[PDB]
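The block underneath contains the structure these notes are about, expressed in structure tokens.
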Amino acid sequence: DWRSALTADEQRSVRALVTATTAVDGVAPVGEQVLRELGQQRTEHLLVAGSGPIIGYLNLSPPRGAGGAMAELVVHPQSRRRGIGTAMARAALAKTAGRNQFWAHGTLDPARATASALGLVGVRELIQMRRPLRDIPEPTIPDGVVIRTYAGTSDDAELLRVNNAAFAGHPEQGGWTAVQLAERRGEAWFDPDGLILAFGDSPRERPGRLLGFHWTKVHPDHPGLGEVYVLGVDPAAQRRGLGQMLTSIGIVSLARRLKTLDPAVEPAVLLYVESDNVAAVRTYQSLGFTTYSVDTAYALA
Ligand SMILES: CC(=O)SCCNC(=O)CCNC(=O)[C@H](O)C(C)(C)COP(=O)(O)OP(=O)(O)OC[C@H]1O[C@@H](n2cnc3c(N)ncnc32)[C@H](O)[C@@H]1OP(=O)(O)O
Ligand SMILES: N[C@@H](CS)C(=O)N[C@H]1[C@@H](O[C@@H]2[C@H](O)[C@H](O)[C@@H](O)[C@H](O)[C@H]2O)O[C@H](CO)[C@@H](O)[C@@H]1O
């Protein structure tokens, strides 16, 4: 039975399934956007009850922007190999007439095996890379560039202009409106001091225009973990060293934010990047990031 919205109680039950599974598998089974979708009316949901907590959950997001339908799903660790995962995946495939993809975060063995049993193949590879926060860079800020941080909604127009130009065609990051910014500003981890903006200054043709930005994020449920959450440079100002510079500034910012009674943890910064985004992979390789895990999107061949 598909539901177009979930009650507060249903949301609490799905969240418990997701967090419990994250602890057992070592990787969250559904992404952050699915957790935001639990309380909105934009997607469709399947809930599978035991004989009785919720033991299976699938979210199906419809096409939006340049992207197609996408499903994420999870089955309680103690209810696996009972056919629930197959049942939910077949339902989504039948509902979209075989057109949706499925994310397997961390591309764990059970998901690889389920994908083969269903006849699916990997069609998209999202790599998670990490770099320790030791030996931080000294960033070089070129003349004609001034850096500052997010001041509030007066900065949204420029941020959206640069985001949509840099991510034109990106299935999830492109074609944003003020609503996408607002839903992330309401997240517990949002910190205006961690959204770094690079503006053109007098020397350049367009003083005051945003050239690029680096939105950093500190993970709340993982001590010592930061993220290059969104990094983007206006196409008009690309290939001039600004991406490398912005990434370095954000690493410095995170290093500063991440005593005797603090647990010993070697802090690290992670990022996600499409395997075929050549420009970005080169920028990150240059700065010492290395592969950590892979998220694979599966679909009909
Ligand atoms: C294509 C995808 O599954 S993308 C979904 C990604 N989600 C995740 O990876 C989240 C964490 N994992 C889970 O929630 C679950 O392990 C799932 C959803 C991947 C599979 O859920 P389950 O309900 O256990 O799947 P299901 O019982 O239908 O298994 C179907 C077949 O896949 C294979 N399979 C599933 N898990 C495994 C495993 N751990 N080892 C080997 N084969 C497996 C088997 O052939 C199985 O049939 P069988 O039990 O008769 O041998
Ligand atoms: N870096 C951008 C542009 S390359 C990107 O690729 N980000 C990716 C990444 O976002 C992740 C967030 O960054 C991370 O904070 C959160 O914890 C995860 O659950 C995902 O929401 O994974 C998503 C798929 O799961 C994808 O839709 C998105 O574009």
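Computed from heavy atoms alone, side chains included, the values below leave out hydrogens, waters and symmetry copies. Counting convention: from 1, in listed order, for ligands and their atoms alike. Start at 1 with the first residue, then count along the sequence.
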Among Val18, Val74, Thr114, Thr296, closest by heavy atom to atom 32 (O) of ligand 1 is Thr114

Residue selection (non-hydrogen contact nearest atom 16 (O) of ligand 1) among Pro110, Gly106, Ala104, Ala115: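 Selected option, by shortest heavy-atom distance: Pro110.
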
Given side chains that start at C-beta, do those of [X] and [Y] come closer than 4.5 Å, heavy atoms only?
| X | Y | answer |
| --- | --- | --- |
| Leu211 | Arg204 | yes |
| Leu108 | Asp25 | yes |
| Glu72 | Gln33 | no |

Tell me which protein heavy atom sits closest to [atom], plus the residue, atom name and distance to 0.1 Å.
| atom | value |
| --- | --- |
| atom 42 (N) of ligand 1 | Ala113 CB, 3.3 Å |
| atom 4 (S) of ligand 1 | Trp103 O, 3.7 Å |
| atom 6 (O) of ligand 2 | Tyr272 O, 3.6 Å |
| atom 11 (C) of ligand 1 | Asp25 OD2, 3.3 Å |
| atom 18 (C) of ligand 2 | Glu32 N, 4.1 Å |
| atom 15 (C) of ligand 1 | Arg80 NE, 3.7 Å |
| atom 14 (O) of ligand 1 | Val75 N, 2.8 Å |
| atom 3 (C) of ligand 2 | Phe167 CE2, 4.1 Å |
| atom 24 (O) of ligand 1 | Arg81 N, 2.7 Å |
| atom 9 (O) of ligand 1 | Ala111 CB, 3.5 Å |
| atom 22 (O) of ligand 2 | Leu126 CD2, 3.4 Å |
| atom 23 (O) of ligand 1 | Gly85 N, 2.8 Å |
| atom 15 (O) of ligand 2 | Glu227 OE1, 2.5 Å |

Considering only NZ, NE, NH1 and NH2 on the basic side and carboxylate oxygens on the acidic side, decide whether [X] and [Y] come within less than 4.0 Å.
| X | Y | value |
| --- | --- | --- |
| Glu266 | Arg130 | no |
| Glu44 | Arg3 | no |
| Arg148 | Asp155 | yes |

Side chain, backbone, both or neither: which applies to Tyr229 and ligand 2 if a contact is any heavy-atom pair less than 4.0 Å apart?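 For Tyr229, backbone and side-chain atoms both sit under 4.0 Å from ligand 2.
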
May I ask you to identify, for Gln173, whether its side chain, its backbone, both or neither come under 4.0 Å of ligand 2 on a heavy-atom basis?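 Near ligand 2, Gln173 shows nothing, with every heavy atom at 4.0 Å or more.
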
Would you say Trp103 and ligand 2 have an N/O pair spaced under 3.5 Å apart? no

Can you confirm, on distance only, whether ligand 2 has an N/O atom lying under 3.5 Å from any N/O atom belonging to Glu172?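 Yes.
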
Heavy-atom contact check, 4.0 Å cutoff: does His105 meet ligand 2?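 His105 counts as a contact of ligand 2 under the 4.0 Å cut-off.
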
Would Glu274 count as a contact of ligand 2 if the rule is a heavy atom under 4.0 Å away?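 Checking ligand 2 against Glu274, which is what was asked, there is no heavy-atom contact under 4.0 Å.
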
Identify, by atom number and element, the atoms of ligand 1 in contact range of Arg82, meaning under 4.0 Å from any of its heavy atoms.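 With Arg82 as reference, the close atoms of ligand 1 come out as 27 (O).
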
Just jot down the ligand 1 atoms closer than 4.0 angstrom to any heavy atom of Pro29, in number order.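 Under 4.0 Å from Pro29, ligand 1 has these atoms: 10 (C).
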
Below the 3.5 angstrom mark, is there an N/O of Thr86, backbone or side chain, next to an N/O of ligand 1?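 Yes, there is a polar N/O contact under 3.5 Å.
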
Just distances here: any N/O of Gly83 and N/O of ligand 1 closer than 3.5 Å?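 Yes; at least one N/O pair falls below 3.5 Å.
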
Which heavy atom of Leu35 sits nearest to which heavy atom of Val30, and what is that distance? CD2-CG2, 4.4 Å

Are a donor atom and an acceptor atom from the side chains of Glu10 and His45 found within less than 3.5 Å of each other?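 No donor-acceptor contact under 3.5 Å links the two side chains.
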
Donor-acceptor check, side chain of [X] to backbone of [Y], threshold 3.5 angstrom: yes or no?
| X | Y | value |
| --- | --- | --- |
| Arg239 | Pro235 | no |
| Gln173 | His170 | no |
| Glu125 | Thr296 | no |

Does even one non-hydrogen atom of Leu73 get within less than 4.0 Å of ligand 1?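 A heavy atom of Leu73 does come that close to ligand 1.
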
Should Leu108 be listed as contacting ligand 1, given a heavy-atom distance under 4.0 Å as the test?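 Contact absent.
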
Take atom 7 (N) of ligand 1 and look for protein heavy atoms under 4.0 Å from it; say yes if you find one, no if not.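 True for atom 7 (N) of ligand 1.
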
Same cluster or not: are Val18 and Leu47 linked, directly or through other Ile, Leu, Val, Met, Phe, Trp or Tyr residues, by side-chain heavy atoms under 4.5 angstrom apart?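 Hydrophobic grouping puts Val18 with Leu47.
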
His222 and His219 aromatic ring geometry - parallel, tilted or perpendicular at 30°/60° bounds: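 Rings of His219 and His222: perpendicular, as their planes differ by over 60°.
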
Pairs in or reaching into residues 267-301: which pass ring pair (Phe, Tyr, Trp, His ring centres under 6.0 Å), with residues at least two apart or in two chains?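 Every pair satisfying ring pair (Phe, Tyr, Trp, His ring centres under 6.0 Å) with a residue in residues 267-301: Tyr284-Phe289.
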
Whichever hydrophobic residues join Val278 through chains of side-chain contacts under 4.5 Å: none

Inspect the surroundings of CZ in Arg90 and state if more than 12 heavy atoms from other residues, nucleotides or ligands are less than 6.0 Å away.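 No.
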
